[PDB]
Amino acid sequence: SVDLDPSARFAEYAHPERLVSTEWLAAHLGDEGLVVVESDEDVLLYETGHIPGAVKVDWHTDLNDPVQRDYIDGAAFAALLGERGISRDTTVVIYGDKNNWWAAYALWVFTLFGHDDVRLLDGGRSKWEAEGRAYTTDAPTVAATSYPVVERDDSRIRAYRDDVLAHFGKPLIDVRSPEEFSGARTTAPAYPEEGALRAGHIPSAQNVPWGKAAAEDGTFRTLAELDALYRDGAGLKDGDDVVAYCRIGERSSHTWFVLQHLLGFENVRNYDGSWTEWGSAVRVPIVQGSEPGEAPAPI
């Protein structure tokens, strides 16, 4: 069994059991019941050096249905975690590049499958590296485990296009850049498969670029800073059913994490379809400019 990180820094958050410090992790490496998972946008980083004993999840190959636009099923999840020495009761700590952007995404997927003890290493690769902590290129050399086949739950933390169309009048957070938000750009040149034939945002969406929730050192900002950003800045109130979206669900998972686990909103869903779906969908309401715009009637 694997204890919580009692660090004072985390106790102000709604779900302090969802974070650990680099100092805590350095002291727990190799402990029975703990698996450390690297999850990056840039999958090649793991091979340049990883936290010792860490395994890797590759978002290109491991987490998507290979044919359909959907995440893997319970059978594919069970085989992925078993190969990595992960059992149902294992404490998983996930860390990654770009201030745990893809780390939160892996945690979201684990949560679709109802894995209870899943935590982020606050600050990811960047704080581990700034502190001069060790990486290896040694394999985890992992003994296989049996993980149960569970049915994926898309009810609680996931939204589809019809839930979004139905959601108008309820808070909507767009986590893309202001240029994307207004309709000046759609994608990156590195990801042309993440553009769309229309530019803009979902009408009544508040723009909160996801990176605003991360400090320079890549740690999650304080409760006071987050409260400023989402409650004062974006108008969120207790009891609010919140939907977050980006270009794809991978990139709005960090904001879901922030709202579900740090600010403690009960009802937070990631609209994974995001702008790639919305901007290519026939007859969905789109607005342009830096104005959120008026909520239309629920469709």
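Residue numbers here begin at 1 and follow the sequence given.
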- Query: Averaging C-alpha B-factors over each stretch, which comes out higher, 103 to 111 or 170 to 178?
  - Reply: 170 to 178
- Which of 206 to 214 and 118 to 126 has higher mean CA B factor, as the PDB entry lists it: 206 to 214
- For the C-alpha B-factor as written in the entry, point me to the maximum among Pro52, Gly33, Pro66, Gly273. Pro66
- Message: So if I compare the CA B-factors in the entry for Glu38, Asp70, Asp241, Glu41, which one is the largest?
- Response: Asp241
- Message: When the deposited Cα B-factors of this chain's modelled residues are ordered and cut into thirds, is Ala199 in the lowest, the middle or the highest one?
- Response: highest
- Item | Third assignment of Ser21 from its chain's C-alpha B-factors | lowest
- Query: Among the modelled residues of its chain, does the C-alpha B-factor of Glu225 lie in the lowest, middle or highest third?
  - Reply: highest
- In terms of its chain's C-alpha B-factors, the third that includes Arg158 is the lowest
- Against its chain's modelled residues, does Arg247's Cα B factor rank lowest, middle or highest third? middle
